[PDB]
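What follows is a single structure, written as structure tokens, with notes after it.
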Amino acid sequence: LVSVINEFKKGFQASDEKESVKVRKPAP
Amino acid sequence: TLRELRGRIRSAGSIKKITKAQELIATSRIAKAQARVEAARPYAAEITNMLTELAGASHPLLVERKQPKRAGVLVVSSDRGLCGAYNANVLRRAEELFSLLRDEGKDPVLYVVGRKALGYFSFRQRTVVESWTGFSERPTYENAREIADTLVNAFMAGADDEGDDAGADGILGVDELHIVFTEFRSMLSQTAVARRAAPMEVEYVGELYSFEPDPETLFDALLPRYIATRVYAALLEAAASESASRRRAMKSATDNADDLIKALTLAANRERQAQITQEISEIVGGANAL
Amino acid sequence: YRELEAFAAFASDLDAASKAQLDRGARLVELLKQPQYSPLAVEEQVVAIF
Amino acid sequence: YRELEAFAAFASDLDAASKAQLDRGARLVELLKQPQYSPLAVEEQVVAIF
Amino acid sequence: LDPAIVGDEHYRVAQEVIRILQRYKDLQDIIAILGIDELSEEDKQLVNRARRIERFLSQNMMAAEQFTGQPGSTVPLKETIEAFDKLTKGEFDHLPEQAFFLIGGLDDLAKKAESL
Amino acid sequence: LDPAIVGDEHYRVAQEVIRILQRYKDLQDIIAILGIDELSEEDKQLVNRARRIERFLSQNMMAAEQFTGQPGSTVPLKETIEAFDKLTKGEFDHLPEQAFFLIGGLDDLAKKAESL
Amino acid sequence: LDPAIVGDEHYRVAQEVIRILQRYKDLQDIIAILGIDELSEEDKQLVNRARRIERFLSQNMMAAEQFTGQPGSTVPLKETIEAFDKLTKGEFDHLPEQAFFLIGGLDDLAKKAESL
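Line by line, the protein sequences give chains X, F, R, H, C, S and B.
Mind the numbering: the first sequence is residues 500 to 515, 534 to 545 in the UniProt record's numbering, read in order.
Mind the numbering: the second sequence is residues 4 to 61, 65 to 213, 221 to 303 in the UniProt record's numbering, read in order.
400 is the number of the first residue of the third sequence in the UniProt record's numbering; add one for each residue after it.
400 is the number of the first residue of the fourth sequence in the UniProt record's numbering; add one for each residue after it.
356 is the number of the first residue of the fifth sequence in the UniProt record's numbering; add one for each residue after it.
356 is the number of the first residue of the sixth sequence in the UniProt record's numbering; add one for each residue after it.
356 is the number of the first residue of the seventh sequence in the UniProt record's numbering; add one for each residue after it.
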């Protein structure tokens, strides 16, 4: 029985906001 | 049978007592946590002021990338339960960030804090690269320090790594960093807020302290601790908001349990009266049938 | 003590007065129990309660 | 298994032995399904049980 | 109601629907006492689609013109079977609940979807 | 039962075990819904100890051996009191509860525990 | 109790008294253990006024006079409702509680305040 089970088990397939820094320098 | 009614009544009494105890502990917790966050505020103010002073006159992190391809995201969630919609809101915000990124077409790199968000991501088959855990509503500078270190190390490995090309930086480079967290501004309500950290811009406004002529080293030593302070503040805000939400939810639970107890009591009373009438009718009929 | 028995889980966070009341109630409720076939004299009872 | 499944609900973590017991119970419950008007011989019954 | 008479198409759909309804009725107590947050993700989605199915099961009447003043409708069986199969598979997740209320055919449901 | 008639260790063991079982019952009444994490360390310790206690309290029987397929046994009184004292102490916390089912004595406990 | 019978003012003042008492009961329930220092100023003003109100409900009875020797009093309704209306907006809270602990009327209140 266990031999047959092992034989069959291999032959069966399986179905399965944002952040900004602050700088005091006037804008270029 | 009325035995089930009695069991339900006693169970409901027990749960309502537990709920009131929990909500009282929760309001005490929010009282003691507001003090901690307001005491943490001045150091953050000092750090911001000194950083702005340093940036006044005089760093790959401050230079944008030519062609971004990926974007990193952080999620924060409560380690415990009994918090109404607290995780739901931040997960909604994360989902709409994902939608915006799909519109832009840049793939996300996920980072998670807290067990609930990790569990949610597990069932939806979304890969997680790093999962910090161990928060217990009371944070400390150590967790923020290590998280910031890991994130800044990861992002610095994205410059020579132009996305697909595993250059000198190494694979898994990231072009943009973003943060999702719950913001607490008033006890009445709180709102989830997204943000970004790695990209930056210089804001110009109209207008002695000095040091050695190396300001780049100062910036490179101040930015990581800036990020650490930012995530520390985010953690404090998250803890406060979680505690407030827990208080509200627990109060709602008690107010939902009490009337259920009342209805069960009414049903038990009517059942008892019906039973009494039934047996008295049966016995009087048997007696006068003779 | 009867009313404040639910807070045993979080006894660390409670106030000092609450902790003192809880401890006094515990000691009192421990004091009352007695073994059977052992009547007590009134002087002994008064001294014990005091 | 039926008594333990209720306790296992809303459990954060479980031992490997416990989850193995749940898996075995689930398999055993699944195996016992049977449609109407499908008599089965004793030999196939014992083979399936084994 | 059996595969011999009705057929194999109706049976599985009906069994799945009744299973979903039974699970929802089992969970309703914990839903009432605390809410929907305590449940797992799969149970949450099961509850959501159970609510959708329950709301959709109502149909606009024929003799209610005295009261509602909205003409009724009649539906062929195959349309119902396909609609319920799709509902069980869960292809109407993003739609609001209010649409599944006295609509009859699924075409009217699709039309009412954009009405909101 | 009386400390004067039977003895003091027997009485103290019985009192301890019955108190533990009562505490487990009114703790389970709430933990069945609120979850395990809602309690402190002492409560979880008591719950685990009580679970082991009710598991170990069963035994195999003479006249029912045909259903089990394995003959039963009997145990001395001193062994029972010593084993239950040890259980109340909290030493067997390292073993799974499945070893305590349908057991007799303590050597059988050791054999079954080593069998897993 | 109906404004159609006892007039508008009586029903009004009763309404404010009842609402104040309920609010104070809620506050007392929620601040019994946490601590008074955790509250705001409005809650403290409300609790002070509620304490004044509940103290003022005491009276002087001749049952007490049988022992103390201070004769009881009978208070006409008009000045009673006037006093309650005034106290609902009054500054009496700055007086000590022992003044309001028990009293026979407005003049008795004034004399008790003068004596302290």
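For each residue, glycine too, the CB sits at the ideal point set by N, CA and C.
What span of residues does the beta strand (DSSP E) with residue i cover, start to end?
| i | result |
| --- | --- |
| F/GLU189 | 183-190 |
| F/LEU80 | 76-82 |
| S/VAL430 | Note, S/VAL430: premise wrong, no beta strand (DSSP E); not H, not E. |
| X/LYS539 | 538-540 |
| F/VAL69 | Counting along the chain, F/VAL69 falls outside any beta strand (DSSP E), and DSSP gives it neither H nor E. |
| F/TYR210 | 208-210 |
| F/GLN196 | 196-202 |
Whose Cβ in chain H lies nearer than 7 Å to the Cβ of residue i?
| i | result |
| --- | --- |
| S/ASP392 | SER411 |
Find the residues of chain F that neighbour residue i, judging by a C-beta separation of less than 8 Å, and give them in chain order.
| i | result |
| --- | --- |
| B/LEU389 | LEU27, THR30, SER31, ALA34 |
| residue 304 of chain C | Given a span of 356 to 471 for chain C in the structure shown, any question on residue 304 of chain C remains unanswerable. |
Which chain H residues are close to residue i, counting only those with a beta carbon under 8 Å from its beta carbon?
| i | result |
| --- | --- |
| S/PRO451 | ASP414, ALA416 |
Just checking: is the beta-carbon of residue i within a distance shorter than 9 Å of some beta-carbon in chain C?
| i | result |
| --- | --- |
| F/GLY16 | no |
| F/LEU279 | no |
Does the beta-carbon of residue i have 16 or more other beta-carbons within 10 angstroms, so that it is buried, or is it exposed?
| i | result |
| --- | --- |
| H/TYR436 | exposed |
| X/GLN512 | exposed |
| F/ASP167 | buried |
| F/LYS122 | buried |
| B/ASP384 | exposed |
| B/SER428 | exposed |
| C/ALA387 | exposed |
| F/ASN52 | exposed |
| X/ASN505 | exposed |
| F/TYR92 | buried |
| B/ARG374 | exposed |
| F/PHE224 | exposed |
| F/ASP113 | exposed |
| F/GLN196 | buried |
| F/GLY179 | buried |
I want to see whether chain R comes within less than 9 Å of residue i, judged by CB atoms only; does it?
| i | result |
| --- | --- |
| F/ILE177 | no |
| F/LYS264 | no |
How far does the alpha helix (DSSP H) with residue i in it reach, from first residue to last?
| i | result |
| --- | --- |
| F/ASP113 | Here F/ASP113 belongs to no alpha helix (DSSP H); instead the beta strand (DSSP E) covers 113-119. |
| residue 310 of chain S | Lying before the first or after the last residue shown, residue 310 of chain S is absent from chain S, which here runs from 356 to 471. |
| F/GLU136 | That residue, F/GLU136, is in no alpha helix (DSSP H); its beta strand (DSSP E) goes 136-138. |
| F/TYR92 | 92-110 |
| R/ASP422 | 415-430 |
| F/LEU88 | Premise fails: F/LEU88 is in no alpha helix (DSSP H) and is neither H nor E. |
| B/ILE458 | First-last for B/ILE458: undefined, no H or E at that position. |
| S/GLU452 | Where S/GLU452 is concerned, there is no enclosing alpha helix (DSSP H), given that its DSSP letter is neither H nor E. |
| F/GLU292 | 228-301 |
| R/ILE448 | 441-448 |
| F/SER17 | 5-60 |
| X/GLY510 | 501-510 |
| F/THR156 | 147-162 |
Residue i versus chain S: which residues are under 8 Å apart at the beta carbon?
| i | result |
| --- | --- |
| F/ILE21 | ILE385, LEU389, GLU393 |
Quick one: list the residues of chain X neighbouring residue i, beta-carbon separation under 8 Å, in chain order.
| i | result |
| --- | --- |
| F/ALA60 | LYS542 |
| F/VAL199 | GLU534 |
| F/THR55 | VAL538, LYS539, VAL540, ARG541 |
Below 8 Å on the Cβ atoms is my contact criterion, and I expect residue i with residue j to pass it. Report the Cβ-Cβ distance as a whole number of Å.
| i | j | result |
| --- | --- | --- |
| F/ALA36 | F/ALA252 | 6 Å |
| S/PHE411 | S/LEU442 | 7 Å |
| C/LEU464 | C/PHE455 | 7 Å |
| X/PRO543 | F/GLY212 | 5 Å |
| B/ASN415 | B/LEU457 | 6 Å |
| C/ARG378 | C/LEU394 | Wrong, their Cβ atoms sit about 11 Å apart, outside the cutoff. |
| F/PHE141 | F/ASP85 | 5 Å |
| F/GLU26 | F/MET263 | 4 Å |
| X/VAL538 | F/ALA58 | 5 Å |
For a contact defined as C-beta to C-beta under 7 Å, what are the partners of residue i on chain F?
| i | result |
| --- | --- |
| R/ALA405 | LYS20, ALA24 |
Can you find a CB in chain X that lies within less than 9 Å of the CB of residue i?
| i | result |
| --- | --- |
| F/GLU207 | yes |
| F/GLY78 | no |
| F/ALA100 | no |
| F/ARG132 | no |
At least one CB of chain S closer than 9 Å to the CB of residue i: is that the case?
| i | result |
| --- | --- |
| H/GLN420 | yes |
| F/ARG13 | yes |
Mind listing the chain C neighbours of residue i? Cutoff is C-beta to C-beta under 8 Å, in chain order.
| i | result |
| --- | --- |
| F/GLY120 | Neighbours of F/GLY120 on chain C: none; closest Cβ ~14 Å, over 8 Å. |
Give the interface partners of residue i over in chain F, defined as CB-CB distance under 9 Å, in chain order.
| i | result |
| --- | --- |
| X/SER537 | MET206, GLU207, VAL208, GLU209 |
Interface residues of chain C around residue i at Cβ under 7 Å?
| i | result |
| --- | --- |
| F/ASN269 | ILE388 |
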